[PDB]
């Protein structure tokens, strides 16, 4: 399925610190953030997505349209400018963020009835699983 709507609560998190390190996130921020459970809220209507990543320590919101490139500031993550594009490869939603970092973006799919996320930067991959309603 391509339908990713829901409130998604983290069940599993692997190599989140490696991913943050590859983004050069400072030591203090990484050490706190790696401890935390996360929620991902996805509102999806056709190509239009509104996504909210939250924990006790951050809020990172982004809206995008599948197939439409957008210039993006990554704000309180790593304060960088990238050129972002989100597209479908089958039922895997793929984001590529062009800029300073290589292999930066994510892949997201519903293989379960859970949400799977791969966050990538450089040679680092973080893998997460969330459970929905």
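Positions refer to the first chain, counted from 1.
The deposited model assigns a higher average Cα B-factor to 108-116 than to the other stretch when 108-116 and 7-15 are compared.
As recorded in the PDB entry, 54-62 is the stretch of 54-62 and 81-89 with the greater mean C-alpha temperature factor. Highest CA B-factor among 29, 74, 48, 97, as stated in the entry: 29. Residue-level temperature factors show residue 43 in the middle third of its chain, judged at the C-alpha atom.
Residue 132: CA B factor in the highest third of modelled residues in this chain (values from the PDB entry).
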